[PDB]
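Engineer: experimental structure below, sequence on top.
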Amino acid sequence: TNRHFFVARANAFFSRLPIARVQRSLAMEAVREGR
Amino acid sequence: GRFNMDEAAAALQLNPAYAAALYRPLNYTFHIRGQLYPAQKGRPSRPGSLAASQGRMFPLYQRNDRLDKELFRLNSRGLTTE
Amino acid sequence: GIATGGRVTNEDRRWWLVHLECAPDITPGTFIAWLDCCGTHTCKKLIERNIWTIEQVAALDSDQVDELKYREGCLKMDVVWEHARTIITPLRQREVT
Amino acid sequence: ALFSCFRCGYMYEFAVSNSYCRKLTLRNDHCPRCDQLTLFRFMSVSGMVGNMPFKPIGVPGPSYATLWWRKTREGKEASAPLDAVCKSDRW
Amino acid sequence: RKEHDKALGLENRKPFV
Amino acid sequence: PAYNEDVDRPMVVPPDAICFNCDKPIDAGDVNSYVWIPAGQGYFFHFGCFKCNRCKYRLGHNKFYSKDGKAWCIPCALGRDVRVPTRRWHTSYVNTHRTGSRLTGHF
Amino acid sequence: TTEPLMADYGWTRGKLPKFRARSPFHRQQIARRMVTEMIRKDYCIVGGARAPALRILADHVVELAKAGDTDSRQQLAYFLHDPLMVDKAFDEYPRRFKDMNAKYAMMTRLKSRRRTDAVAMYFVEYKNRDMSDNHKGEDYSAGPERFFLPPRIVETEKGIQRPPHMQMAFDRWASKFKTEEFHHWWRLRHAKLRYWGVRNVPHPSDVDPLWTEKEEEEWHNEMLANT
Amino acid sequence: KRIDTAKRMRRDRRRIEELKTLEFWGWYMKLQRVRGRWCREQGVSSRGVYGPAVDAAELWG
Amino acid sequence: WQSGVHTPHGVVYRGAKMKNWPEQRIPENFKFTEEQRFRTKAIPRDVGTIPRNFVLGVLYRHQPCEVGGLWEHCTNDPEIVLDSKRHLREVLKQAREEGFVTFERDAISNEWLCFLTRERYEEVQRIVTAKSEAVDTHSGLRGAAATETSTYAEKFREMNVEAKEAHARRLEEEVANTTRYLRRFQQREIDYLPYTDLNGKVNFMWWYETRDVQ
RNA sequence: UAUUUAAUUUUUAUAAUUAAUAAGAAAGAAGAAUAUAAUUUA
RNA sequence: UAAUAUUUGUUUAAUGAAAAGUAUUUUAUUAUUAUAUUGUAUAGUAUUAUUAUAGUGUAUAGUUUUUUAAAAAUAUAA
Ligand SMILES: [Zn+2]
Ligand SMILES: [Zn+2]
Ligand SMILES: [Zn+2]
């Protein structure tokens, strides 16, 4: 399937969200409740 | 201060025509069968060109019988029981 | 911490302070190579500046820092610098008792 | 690779890469014992240079000869005389 | 001039292109 | 097995080695002219000197006898006078400098 | 594989591209002679998936050169067919690249392709050469005359001197092309290629030599003109 | 005759190959002595973009 | 080589330094964490002809030698080319390999001792002597007062007549103090550059000089 | 090789009123290639 | 059929070679110690084929023509 919604990808914009920050944030929330 | 095979042979007393014959195949010095390339063989003179022989275009690959008779085939006077 | 972009947020500080107690034996006189984002090249250029120490990297005037990361070129320098800035005081505290 | 010259049999070792494959059996190098250029032979195989991903580096395993040579040198009995000076992990 | 004359009075770095 | 692992024994050639048949010295390492036979005892022959000292012919199948420090061939050591080879006379089949002996020897 | 020499040749983006060869051993051999040649002579005209490989590998060599470590020296020494070029690699590149951290090698796609096959040609260079000791003013727009001569120098840069240990090596290497047995090798090569037959290879009686003495006495002349 | 010839040819090329080699090692050591001389005035440490202190530590050396 | 880290503080190995090698004062808060203690990769050292000749030249002046106390004998000379106890140790390793040195325990006490091998002992005699015949030509005291040279040689050959032994133990301390006093003015600079051989091994070329301070 | 099926004809902003069980400027590498859409770079 | 299959010349240890019954050596060439006379290089199997057959004799001449920028399935090996 060759359409535009499917082919186009958002990789280039990934700096707009802090992936590494949220992972560590939920690490904090992991140790806060003690899993 | 390079190698200079001639002065290397002169230092070793190796007969400088021989020393060079160590580093080319036995086809090019001694009478021995060997792979020859037909372009080396030589060509008769065309109207455009001159003659082509393997005397002028390959002096250093031609056979020397000084070396051949002194190395390979036997002397007769060593065997003469007469 | 390690992978943060741009400015270092305060939350990120919390991370470092958490991992302070993660490693039981640490002193402000520890070698540079225990820091986040201190590579080979980043350690070496600090050494020729006569800096072996977490205290010593916490002693930087920030115009030593930038020419460390611009004129010289140890990248991610402000990360390790700031990493010192945070952690040097708690370390002294844990050193006393 | 373990190398010894023909004349004094001076033993030493260095890794041989894939670039040097034509030099593996015979070397020419300077001996400390007879000082001048000599000719070295390959007695025993030791180790690779490179290793493939997700594979141990330490198993082209060097032979018993080389490990004997690193027992006799650099061993309990070999270091014990020298430990009074250096104890090589220390300066 | 005065500096080569000091050098000469006592009597490499960038090659001349 | 290949490449005898020689760490325990240097296997260097002594310059004071002389020929076992002709009692003349050996040019040490620079030439393959000498046939060296390690017994895993050094035995040094010249190339021309590998032959028998009794009949002066080749040593068959490269196995020999030695009496009074001089090498004899087995037919000449077994008390037999039948003497002449078919193939060649005054040289030997041997491979120079230990390469014939390195096949099977002390490892 | 994250180690800045050892190569991973795949097609996935984490891996640098595999250029076609017989074996990964063969790929390594090829890569090694490419890197050796590029370190010896700053540019390589290189076709195919080979050139990006050369780019990345050259960047790795400059990284090792900046390391300036005995382990780095040794690991680069494992990699090259030339020991001498390793010394060149640790003398030149640090001063050359001291102001740059990233992308040390320039790749330029050429608009000409091999006649032999459709594969494109890339021109791979080291970057800034005005900081280099032996490559200081050289012109690569066209080749030198006979390929054992030192390459073209820009008109404004003529008077440049090079590290003596390099032109010693270069002259020693170039001095075996003036002996007549090379000329015999040349004619005999004509014979060979003509036999295997390859078109447009003249008969060995038409092949007049690369090196004569008149041409040498003018070449050395202009060479001391550059000196 | 040809046994002797076959060894006569294989001994002396072995002889002169060393003459290639010893002069080549002589030359390479001449070369490296040239590097030894030249890298002094230019101030080349050949140890990287790092100053003497870096290697002086010897932790990285 | 830095006195604070590689070794306990306040220690100075006395010997020749390396050119442009700074001594940078390390604060003592200092320690590695336990997994960083195993890093420690030494720069290789010169095991070549010169330091071998020097350590031999020392090992000749005392036929038995205490391994543990050798460093100070080494430092005792005006001629030191050597850096750390490490540098010494390696030189002894390869000197052991060359067959110039055999290690024997004498044990009565725990002492470990160096013997110059009976096989190579000729060579060493050449080496020492050769050193002795060069430096007397380069000593600035000669060709000024010849009475000094004669008063020195005559008295030594006449002192060797009764007991020359005590004269030596009396002599070497003036050597130690002369060396220690001279060290304030001038140091021996060890200069090094790396190269690669034909077999493709990285090894260093060395040369030594002496720079003056005042 | 013919039929027959399956895939493709190289980003279609979008999808399904029914059949049966869907298509906007163009080719080198889709990567300037060692997973950042430039890590400052002469 | 066929814009098809094939070919595709980026790195040599084929050292050696009498038994080949074809290949313009323009003068291939002793300086001999010997006598006259005669003769020395690449074509086996329709090929510059997979690659020869055999008898010499020897061990460091590296003794120097194999294309290519994704994935299936086929062929090897892990
Ligand atoms: Zn030796
Ligand atoms: Zn004999
Ligand atoms: Zn017999």
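Structural biologist: That came through, no problem. Numbers count the residues shown, from 1 in each chain, chains lettered A, B, ... in the order given. Ligands and ions are numbered 1, 2, ... in the order given.

Engineer: where exactly do the strands run in chain I?
Structural biologist: In chain I, the strands defined using DSSP state E lie at I:17-18, I:101-105, I:112-116, I:186-196, I:202-212.

Engineer: do the shortest one and chain D meet?
Structural biologist: No: no part of strand I:17-18 sits close enough to chain D to count as contact by CB under 8 Å from any CB of the partner chain; the gap is at least 14.1 Å. C-beta here means a position set from N, CA and C on the backbone, and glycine is covered the same way.

Engineer: helices along chain A, start to end?
Structural biologist: A:4-7, A:19-33 (DSSP state H).

Engineer: what of chain I?
Structural biologist: For chain I, the helices defined by DSSP H occupy I:49-61, I:70-76, I:85-97, I:121-138, I:146-159, I:165-182.

Engineer: which one of those is the most hemmed in?
Structural biologist: helix I:85-97 (a mean of 21; mean count of other CB atoms under 10 Å in any protein chain shown).

Engineer: close to chain H, is that helix?
Structural biologist: No: when contact is scored as CB under 8 Å from any CB, no part of helix I:85-97 falls within range of chain H; the minimum is 9.7 Å.

Engineer: and stretch F:59-73, how far apart are its ends?
Structural biologist: End-to-end span of stretch F:59-73 (CA to CA, to the nearest Å): 5 Å.

Engineer: tell me which residue in chain I sits closest to RNA strand K.
Structural biologist: residue I:198 (11.6 Å; CB to the nearest atom of the strand).

Engineer: what's the neighbour count on that residue?
Structural biologist: Residue I:198 has 17 neighbours, counted by other CB atoms under 10 Å in any protein chain shown.

Engineer: residue F:22 now?
Structural biologist: Residue F:22 has 13 nearby residues by other CB under 10 Å.

Engineer: touching, it and residue F:47? I think so.
Structural biologist: No: checked against CB atoms under 8 Å, the pair residue F:22 and residue F:47 is beyond contact range at 11.3 Å.

Engineer: wait, the residue of chain I closest to RNA strand K sits on residue G:83?
Structural biologist: Yes: in this structure, residue I:198 is within contact of residue G:83 by CB under 8 Å, at 6.2 Å.

Engineer: residue in chain I nearest to ligand 2?
Structural biologist: Closest to ligand 2 within chain I is residue I:119: 29.8 Å, counting by CB to the ion.

Engineer: same deal with chain D?
Structural biologist: residue D:6 (20.4 Å).

Engineer: how about the residue lying farthest from the centre of chain G: what's its closest non-neighbour residue?
Structural biologist: Seen from the C-alpha centroid of chain G, the residue lying at the greatest distance (CA atoms, centre = their mean) is residue G:205, 31.8 Å away. In space, not counting the residues next to it along the chain, residue G:205 is nearest to residue B:52; the distance is 3.6 Å by CB to CB, 6 or more residues apart in numbering or on different chains.

Engineer: neighbours of that neighbour, how many?
Structural biologist: Applying other CB under 10 Å, we find 19 residues neighbouring residue B:52.

Engineer: report how many residues lie close to residue 23.
Structural biologist: Defaulting to chain A. 10.

Engineer: please go with chain H instead
Structural biologist: 15.

Engineer: ok, residue G:163 next?
Structural biologist: 19.

Engineer: on that earlier part again, how about the residue farthest from the centre of chain G, what does it touch?
Structural biologist: Residue G:205 is in contact with B:43, B:49, B:50, B:52, B:56, B:57, counting by CB atoms under 8 Å, 6 or more residues apart in numbering or on different chains.

Engineer: hang on, residue B:16 packs against residue B:5?
Structural biologist: Yes: at 7.2 Å, residue B:16 and residue B:5 qualify as touching, with contact defined as CB under 8 Å.

Engineer: ok, back up a step: wait, what's in contact with the residue of chain I closest to ligand 2?
Structural biologist: residue I:99.

Engineer: ok, so what distance separates it from residue I:97?
Structural biologist: According to CB to CB, to the nearest Å, residue I:119 stands 14 Å off from residue I:97.

Engineer: just residue G:209 next, same as before
Structural biologist: For residue G:209, the distance to residue I:97 (CB to CB) stands at 53 Å.

Engineer: if we can go back for a sec, closest one to RNA strand K among the helices of chain A?
Structural biologist: helix A:4-7 (12.6 Å).

Engineer: tell me the residues on chain F that lie near ligand 3, please.
Structural biologist: F:52, F:54, F:55, F:73, F:76 (CB under 5 Å from the ion).

Engineer: residue G:177 is in contact with residue G:211, isn't it?
Structural biologist: Yes: between residue G:177 and residue G:211 a contact is recorded at 6.1 Å, counting by CB under 8 Å.

Engineer: shared neighbours of the two, anything?
Structural biologist: residue G:146.

Engineer: which SSE is immediately downstream of the strand ranked longest in chain G?
Structural biologist: Counting residues, the longest strand found in chain G (DSSP E) is strand G:105-113. Counting by DSSP states H and E, the next helix or strand C-terminal to strand G:105-113 is strand G:120-126.
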